[PDB]
Amino acid sequence: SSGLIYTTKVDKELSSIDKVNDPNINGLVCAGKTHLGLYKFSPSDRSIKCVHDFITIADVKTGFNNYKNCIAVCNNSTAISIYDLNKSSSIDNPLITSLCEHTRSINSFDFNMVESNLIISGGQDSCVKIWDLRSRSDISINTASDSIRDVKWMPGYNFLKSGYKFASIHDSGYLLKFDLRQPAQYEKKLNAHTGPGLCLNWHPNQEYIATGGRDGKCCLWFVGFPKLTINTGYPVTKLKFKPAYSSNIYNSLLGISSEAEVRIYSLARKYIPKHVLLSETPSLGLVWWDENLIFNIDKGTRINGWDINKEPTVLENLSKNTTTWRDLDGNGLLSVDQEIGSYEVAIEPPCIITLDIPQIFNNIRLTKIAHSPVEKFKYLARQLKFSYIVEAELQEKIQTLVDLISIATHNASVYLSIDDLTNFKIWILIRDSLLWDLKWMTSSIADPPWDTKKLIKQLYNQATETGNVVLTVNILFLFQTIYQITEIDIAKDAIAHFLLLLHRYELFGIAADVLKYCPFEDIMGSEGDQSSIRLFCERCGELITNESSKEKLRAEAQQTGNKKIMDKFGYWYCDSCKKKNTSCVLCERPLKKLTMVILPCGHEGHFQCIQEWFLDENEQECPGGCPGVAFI
Amino acid sequence: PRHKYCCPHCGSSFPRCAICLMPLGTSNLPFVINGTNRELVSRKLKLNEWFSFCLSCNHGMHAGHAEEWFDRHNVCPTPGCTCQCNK
Amino acid sequence: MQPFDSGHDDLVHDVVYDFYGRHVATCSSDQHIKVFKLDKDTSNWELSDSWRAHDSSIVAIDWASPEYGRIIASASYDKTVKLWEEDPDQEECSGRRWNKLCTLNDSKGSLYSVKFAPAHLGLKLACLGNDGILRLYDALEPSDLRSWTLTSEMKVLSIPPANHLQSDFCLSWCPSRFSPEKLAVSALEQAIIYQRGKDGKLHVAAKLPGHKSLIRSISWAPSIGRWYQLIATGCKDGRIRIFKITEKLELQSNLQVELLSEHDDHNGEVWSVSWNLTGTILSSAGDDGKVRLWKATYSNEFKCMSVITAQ
Amino acid sequence: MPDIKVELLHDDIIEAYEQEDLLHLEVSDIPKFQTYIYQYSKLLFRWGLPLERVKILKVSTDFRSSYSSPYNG
Ligand SMILES: [Zn+2]
Ligand SMILES: [Zn+2]
Ligand SMILES: [Zn+2]
Ligand SMILES: [Zn+2]
Ligand SMILES: [Zn+2]
Ligand SMILES: [Zn+2]
């Protein structure tokens, strides 16, 4: 990344990483099962070296003040191994002292920032022990609670309660704060996240404790009802504060990690992470060396160091506006009106702006020259006639030209009726070109411009460049088979897009009229019949296909000539069980042409009968003795 | 299944309407079928979205779709069908 | 119609209409999706429901076809895509009115773009994020909406990037019903057109040149009868590029990409571009809060028609 | 609710309101009107129609003076 400075990889096993709390040094410590050592980073070559190698979840936190040359590593469960930094390359052992009091394993510990001799401890025994260096623990408070997950001291930074306070979290989701000067049962018992609370941390300036949890939440609690809540969604395990002054509570940075990534959030914008350091492998721990340096380890066993002032932010790559269209002319046009806020200091809710673009444009035009396209689209959809409906082929072509001339005359008449001359002239040109082709067929290098094919193709191209959808789809219906205008794919795509545009408005009957007489047979779907309904009989259970009746009526209509005999065919009778008719549920009359089926019980009905029973009588039950209330 | 009816054997929905190509038997349609005392009007609007099919050609429609479509035409709306479903 | 204020507490990232132009859904950074319906009376927007969806900022949204139900797919930074379906049973604005169907937790990095395919491909979902691979999810049975299977996984990038935060991945489908399936990918700075071949696997069809910065948006143009198709792309520099695509019938058709325009009237960064349904009037967003409308002139180039600014 | 400012640029309706000519013809639109009109005027003077050549030359010179002597003295 851009903010990456140090990327040194150590092939040994790593479990935790911390730093030496000393300004005049550039060393950082590491951990592991059987590997403890201190690593020195050099900002000149941007590399990390090794200093001295000495050789269950715990810290690798170092000491403070005169005990800054000491580290604590849990060796075996209830083992407190205090090592040394000065006594590394010498005859004397790095180990200083060993402490063991806990019955169970030790989970977390912290060195005090003010009284360097006092070392805290805590594990699954629900005991908080203070160990005195310059002197068995000092004070052991057995709260008899669940297993303690994390113990941290009060940060006595160099910016009375400086190093005499500490907090712990249990598996019962309870936050306990105690005072070292006056221990008691509980100084402040506060609730926490439900289930096992995993981690907590202290604000360096104000009395605020942010607690993580396995539920995926990191709530900021006032310890002077959380003041803040970040639903991270993943079990928070590690968090490290930025060691800087913060007068305002919102003017702070919080690093949240669990697949674990270093996500440096902010306390004024809890919904957007400020800096993300995801590396390439899931992380095991992270640490802040200074206000601008952050160090971490990951599953790739690489010690990595970043500078937060060279790393970019998420906020940047966050879209600030979007635009959508509702229809052709611009009746609906949205654009998000929001103000780009900062990481410092809430956010005013954005106003989503819709505009009637044709209405405002017409108002602007009428104001300037003083010194409804949707209704027109509906009208021209409904009233224009999109549909069309060796000597014999010539006669058929002659009749096709004649009634296409009539259709063009009708389309010009409706355009002249709505007083639109610019499209009236188009259909007059089309009619005159068809008259030219008709007289050329009757009387029987580059083409002239007034030819009946070139003029129609040029008018279609001008229409599809202008955007007049109605005319450019009408020409594609009426003049496709006889005159090859364009590719079949483009024509079918244009028919389909006009149908979808018609469906976008509430004009479905016009879409049905367009689709019924379309010469292209595969516009919407390829399965054939998708409104076809097949029924089984109510008395025998066989499928009502009625092949025998259809065959007999087809033969009879073929013999007698007239096709009205085929109107006797229907699916209201069964030819296998000899069912006579299907009856209405209300009036018990024969039912042949149109039904209204009540859904949950499956009963028939005339339109008038069912509408009478369900609207005029205001009855909510089926009119056939059905307990299922098929109301309205 | 008071608002969405499906086949129990495989889950596939009902045959679509012949006017809007939307599945049949489901309420809360994203549009209002205003087919040809506001409580009565609401009951008519919620009744117009029911299952309805001709018994001579077996082609299904919404009730409001059929009411609005047969007031101007006299042929079944499915392409390739010659059946005057009105009378 | 008059502008209205949403209840979102943070930045709105993607607003997408339904098919019928009466339902609008906004996904925001404060972990909320608010869906509004256009009332017939007084022509004002009214709230339907508001439910939290993900644990991060939601940056993409796309409705499905109304024939498959009221399905909303949202993509956020939590490496997951969740599908949501409206329920008329629950009361409006209660929060239980929407229900999950399937969580697409098949990603290692944060996903950026989710887009729904044209309806003649069935219910197909396109996903693209920080992993550098385009994920296509199909509903092999559209009868059940909780079943989703990954079918196509094409590596649109040669390598994963280093600055993963400085990335934006955008998707746009091709509304041509009878052409072969075309999908637009803007991965980091390169725009790739993907066509489906005879082998059933996706292939690189054509590459859009230029694009000296990050492509922040992409939108294909509905070609109503035109012999050529148009792609609108939006870059980080503020340049709006309209590409002319000509298709002539291993893929069964070759694509010739010819740049038709390049406009820099937005003194900022074009976050979003859009087309109207005719494929003529183009609208673009920007970093200045201004909305510019672009229409084709008498020539083959495009020109600005209005600059809608917000005060 | 903030204020929204919209400024129309190059509106075709406004430009159609801002001219009186039926067409906006130019020199490149009709490339060789001058020679054709001149030669047909000469052929008209070959015939017994001297008024029509004056009419057609007047149309030619009206357009020529629009986009930009033996009869004097
Ligand atoms: Zn039977
Ligand atoms: Zn009856
Ligand atoms: Zn019944
Ligand atoms: Zn219907
Ligand atoms: Zn019928
Ligand atoms: Zn029928």
# chains A, B, ... in the order shown; residues from 1 in each chain; ligands from 1
$ interface_residues --of "chain C" --to "chain D" --cutoff "6 Å" --atoms "only C-alpha atoms" --output "list in words"
residues 305, 306, 307, 308, 309, 310 and 311 of chain C
$ select_by_dssp --residues "chain D" --states "strand (DSSP E or B)" --output "CSV table (one decimal) with C-alpha atoms, in the first residue's frame"
chain,number,residue,atom,x,y,z
D,4,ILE,CA,-32.6,24.0,-7.3
D,5,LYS,CA,-31.3,26.1,-10.2
D,6,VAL,CA,-31.8,24.8,-13.7
D,7,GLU,CA,-30.2,26.6,-16.7
D,8,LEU,CA,-31.3,25.5,-20.2
$ select_by_dssp --residues "chain B" --states "alpha helix (DSSP H)" --output "ChimeraX atom specification"
/B:38-47,63-69
$ write_last_selection --atoms "N, CA, C and O atoms" --output "PDB file, in the first residue's frame"
ATOM      1  N   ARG B  38     -65.689   4.997  -0.360  1.00  0.00           N
ATOM      2  CA  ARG B  38     -64.390   4.546  -0.843  1.00  0.00           C
ATOM      3  C   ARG B  38     -64.101   3.098  -0.473  1.00  0.00           C
ATOM      4  O   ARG B  38     -63.222   2.482  -1.087  1.00  0.00           O
ATOM      5  N   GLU B  39     -64.809   2.547   0.517  1.00  0.00           N
ATOM      6  CA  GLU B  39     -64.634   1.142   0.869  1.00  0.00           C
ATOM      7  C   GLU B  39     -65.076   0.229  -0.267  1.00  0.00           C
ATOM      8  O   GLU B  39     -64.426  -0.785  -0.547  1.00  0.00           O
ATOM      9  N   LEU B  40     -66.173   0.586  -0.939  1.00  0.00           N
ATOM     10  CA  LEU B  40     -66.621  -0.175  -2.098  1.00  0.00           C
ATOM     11  C   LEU B  40     -65.607  -0.095  -3.231  1.00  0.00           C
ATOM     12  O   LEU B  40     -65.365  -1.088  -3.928  1.00  0.00           O
ATOM     13  N   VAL B  41     -64.990   1.073  -3.412  1.00  0.00           N
ATOM     14  CA  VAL B  41     -63.978   1.237  -4.451  1.00  0.00           C
ATOM     15  C   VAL B  41     -62.743   0.403  -4.135  1.00  0.00           C
ATOM     16  O   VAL B  41     -62.145  -0.206  -5.030  1.00  0.00           O
ATOM     17  N   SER B  42     -62.340   0.361  -2.863  1.00  0.00           N
ATOM     18  CA  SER B  42     -61.202  -0.467  -2.472  1.00  0.00           C
ATOM     19  C   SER B  42     -61.509  -1.950  -2.647  1.00  0.00           C
ATOM     20  O   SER B  42     -60.642  -2.723  -3.076  1.00  0.00           O
ATOM     21  N   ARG B  43     -62.741  -2.359  -2.336  1.00  0.00           N
ATOM     22  CA  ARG B  43     -63.128  -3.750  -2.548  1.00  0.00           C
ATOM     23  C   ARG B  43     -63.130  -4.099  -4.028  1.00  0.00           C
ATOM     24  O   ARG B  43     -62.710  -5.194  -4.408  1.00  0.00           O
ATOM     25  N   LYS B  44     -63.585  -3.177  -4.877  1.00  0.00           N
ATOM     26  CA  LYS B  44     -63.546  -3.411  -6.317  1.00  0.00           C
ATOM     27  C   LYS B  44     -62.111  -3.498  -6.824  1.00  0.00           C
ATOM     28  O   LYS B  44     -61.794  -4.346  -7.670  1.00  0.00           O
ATOM     29  N   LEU B  45     -61.221  -2.658  -6.288  1.00  0.00           N
ATOM     30  CA  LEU B  45     -59.827  -2.674  -6.718  1.00  0.00           C
ATOM     31  C   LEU B  45     -59.118  -3.940  -6.264  1.00  0.00           C
ATOM     32  O   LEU B  45     -58.195  -4.405  -6.942  1.00  0.00           O
ATOM     33  N   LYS B  46     -59.526  -4.510  -5.134  1.00  0.00           N
ATOM     34  CA  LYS B  46     -58.859  -5.705  -4.638  1.00  0.00           C
ATOM     35  C   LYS B  46     -59.517  -6.961  -5.187  1.00  0.00           C
ATOM     36  O   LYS B  46     -58.902  -8.032  -5.193  1.00  0.00           O
ATOM     37  N   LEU B  47     -60.740  -6.830  -5.695  1.00  0.00           N
ATOM     38  CA  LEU B  47     -61.423  -7.930  -6.353  1.00  0.00           C
ATOM     39  C   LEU B  47     -60.987  -8.058  -7.801  1.00  0.00           C
ATOM     40  O   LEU B  47     -60.979  -9.166  -8.349  1.00  0.00           O
ATOM     41  N   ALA B  63     -59.173 -10.223 -13.530  1.00  0.00           N
ATOM     42  CA  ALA B  63     -60.564  -9.801 -13.653  1.00  0.00           C
ATOM     43  C   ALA B  63     -60.663  -8.361 -14.140  1.00  0.00           C
ATOM     44  O   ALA B  63     -61.433  -8.055 -15.058  1.00  0.00           O
ATOM     45  N   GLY B  64     -59.871  -7.467 -13.547  1.00  0.00           N
ATOM     46  CA  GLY B  64     -59.833  -6.096 -14.018  1.00  0.00           C
ATOM     47  C   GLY B  64     -59.242  -5.956 -15.405  1.00  0.00           C
ATOM     48  O   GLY B  64     -59.680  -5.103 -16.181  1.00  0.00           O
ATOM     49  N   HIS B  65     -58.249  -6.788 -15.737  1.00  0.00           N
ATOM     50  CA  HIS B  65     -57.693  -6.786 -17.086  1.00  0.00           C
ATOM     51  C   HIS B  65     -58.741  -7.180 -18.118  1.00  0.00           C
ATOM     52  O   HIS B  65     -58.856  -6.539 -19.165  1.00  0.00           O
ATOM     53  N   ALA B  66     -59.522  -8.223 -17.829  1.00  0.00           N
ATOM     54  CA  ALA B  66     -60.580  -8.638 -18.743  1.00  0.00           C
ATOM     55  C   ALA B  66     -61.679  -7.588 -18.836  1.00  0.00           C
ATOM     56  O   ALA B  66     -62.208  -7.334 -19.924  1.00  0.00           O
ATOM     57  N   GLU B  67     -62.028  -6.962 -17.708  1.00  0.00           N
ATOM     58  CA  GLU B  67     -63.058  -5.926 -17.717  1.00  0.00           C
ATOM     59  C   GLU B  67     -62.623  -4.706 -18.523  1.00  0.00           C
ATOM     60  O   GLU B  67     -63.435  -4.112 -19.241  1.00  0.00           O
ATOM     61  N   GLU B  68     -61.353  -4.315 -18.414  1.00  0.00           N
ATOM     62  CA  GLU B  68     -60.864  -3.173 -19.178  1.00  0.00           C
ATOM     63  C   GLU B  68     -60.600  -3.517 -20.637  1.00  0.00           C
ATOM     64  O   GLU B  68     -60.696  -2.638 -21.499  1.00  0.00           O
ATOM     65  N   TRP B  69     -60.279  -4.773 -20.940  1.00  0.00           N
ATOM     66  CA  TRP B  69     -59.899  -5.151 -22.294  1.00  0.00           C
ATOM     67  C   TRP B  69     -61.098  -5.505 -23.160  1.00  0.00           C
ATOM     68  O   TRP B  69     -61.095  -5.217 -24.361  1.00  0.00           O
TER      69      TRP B  69
END
$ atom_distance --atom1 "atom CA of residue 339 of chain A" --atom2 "atom CA of residue 34 of chain C"
19.0 Å
$ residues_near_ligand --ligand "ligand 5" --cutoff "7 Å" --atoms "only C-alpha atoms and all ligand atoms" --output "JSON, numbers by chain"
{"A": [593], "B": [54, 55, 56, 57, 58, 59, 76, 83, 84, 85]}
$ write_last_selection --atoms "C-alpha atoms" --output "mmCIF file, in the first residue's frame"
data_model
loop_
_atom_site.group_PDB
_atom_site.id
_atom_site.type_symbol
_atom_site.label_atom_id
_atom_site.label_comp_id
_atom_site.auth_asym_id
_atom_site.auth_seq_id
_atom_site.Cartn_x
_atom_site.Cartn_y
_atom_site.Cartn_z
ATOM 1 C CA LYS A 593 -67.374 -18.333 -21.903
ATOM 2 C CA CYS B 54 -62.264 -18.549 -20.501
ATOM 3 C CA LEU B 55 -63.655 -22.079 -20.530
ATOM 4 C CA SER B 56 -63.790 -22.368 -24.336
ATOM 5 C CA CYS B 57 -60.173 -21.522 -25.227
ATOM 6 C CA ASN B 58 -58.435 -21.851 -21.799
ATOM 7 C CA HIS B 59 -56.658 -18.494 -21.596
ATOM 8 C CA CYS B 76 -59.052 -13.210 -26.942
ATOM 9 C CA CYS B 83 -62.442 -17.070 -29.496
ATOM 10 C CA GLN B 84 -64.921 -14.316 -28.630
ATOM 11 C CA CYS B 85 -64.775 -14.708 -24.863
#
$ residues_around --residues "segment 169-174 of chain A" --least-positions-apart "6" --cutoff "7 Å" --atoms "only C-alpha atoms" --output "PyMOL selection string"
chain A and resi 145-150+190-197
$ interface_residues --of "chain A" --to "chain D" --cutoff "9 Å" --atoms "only C-alpha atoms" --output "list in words"
residues 337, 351, 353, 360, 361, 364, 365, 368 and 369 of chain A
$ closest_atom_pairs --of "chain A" --to "chain C" --cutoff "6 Å" --atoms "only C-alpha atoms" --output "JSON lines"
{"residue": "A:1", "atom": "CA", "partner": "C:163", "partner_atom": "CA", "distance": 4.9}
{"residue": "A:232", "atom": "CA", "partner": "C:55", "partner_atom": "CA", "distance": 5.8}
{"residue": "A:233", "atom": "CA", "partner": "C:55", "partner_atom": "CA", "distance": 5.7}
{"residue": "A:271", "atom": "CA", "partner": "C:30", "partner_atom": "CA", "distance": 5.8}
{"residue": "A:319", "atom": "CA", "partner": "C:13", "partner_atom": "CA", "distance": 5.6}
{"residue": "A:321", "atom": "CA", "partner": "C:285", "partner_atom": "CA", "distance": 5.9}
{"residue": "A:322", "atom": "CA", "partner": "C:272", "partner_atom": "CA", "distance": 5.2}
{"residue": "A:325", "atom": "CA", "partner": "C:276", "partner_atom": "CA", "distance": 5.3}
{"residue": "A:326", "atom": "CA", "partner": "C:21", "partner_atom": "CA", "distance": 5.6}
{"residue": "A:328", "atom": "CA", "partner": "C:277", "partner_atom": "CA", "distance": 5.6}
{"residue": "A:349", "atom": "CA", "partner": "C:9", "partner_atom": "CA", "distance": 5.4}
{"residue": "A:351", "atom": "CA", "partner": "C:5", "partner_atom": "CA", "distance": 4.0}
{"residue": "A:352", "atom": "CA", "partner": "C:4", "partner_atom": "CA", "distance": 5.4}
{"residue": "A:353", "atom": "CA", "partner": "C:3", "partner_atom": "CA", "distance": 4.2}
{"residue": "A:354", "atom": "CA", "partner": "C:3", "partner_atom": "CA", "distance": 4.9}
{"residue": "A:489", "atom": "CA", "partner": "C:178", "partner_atom": "CA", "distance": 5.7}
{"residue": "A:490", "atom": "CA", "partner": "C:225", "partner_atom": "CA", "distance": 5.7}
{"residue": "A:493", "atom": "CA", "partner": "C:177", "partner_atom": "CA", "distance": 5.7}
{"residue": "A:494", "atom": "CA", "partner": "C:224", "partner_atom": "CA", "distance": 4.7}
{"residue": "A:504", "atom": "CA", "partner": "C:20", "partner_atom": "CA", "distance": 4.7}
$ write_last_selection --atoms "C-alpha atoms" --output "JSON list (two decimals), in the first residue's frame"
[["chain", "number", "residue", "atom", "x", "y", "z"],
["A", 1, "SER", "CA", 0.00, 0.00, 0.00],
["A", 232, "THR", "CA", -19.35, -4.25, 13.62],
["A", 233, "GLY", "CA", -20.96, -7.64, 12.99],
["A", 271, "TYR", "CA", -20.47, 4.28, 10.31],
["A", 319, "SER", "CA", -20.07, 7.99, -4.20],
["A", 321, "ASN", "CA", -24.51, 11.39, -5.96],
["A", 322, "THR", "CA", -26.49, 9.20, -8.32],
["A", 325, "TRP", "CA", -34.54, 8.30, -15.10],
["A", 326, "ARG", "CA", -38.17, 7.28, -14.70],
["A", 328, "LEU", "CA", -38.50, 9.31, -21.59],
["A", 349, "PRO", "CA", -30.31, 13.96, 6.41],
["A", 351, "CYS", "CA", -32.94, 15.56, 0.55],
["A", 352, "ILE", "CA", -33.74, 13.34, -2.44],
["A", 353, "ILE", "CA", -34.61, 15.69, -5.29],
["A", 354, "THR", "CA", -37.17, 14.77, -7.94],
["A", 489, "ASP", "CA", -32.29, -8.66, -34.36],
["A", 490, "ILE", "CA", -32.46, -4.86, -34.19],
["A", 493, "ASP", "CA", -35.14, -5.61, -30.06],
["A", 494, "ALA", "CA", -36.96, -2.39, -30.94],
["A", 504, "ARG", "CA", -43.58, 0.66, -17.74]]
$ residues_around --residues "residue 140 of chain C" --least-positions-apart "6" --cutoff "9 Å" --atoms "only C-alpha atoms" --output "list in words"
residues 122, 123, 124, 147, 148 and 149 of chain C
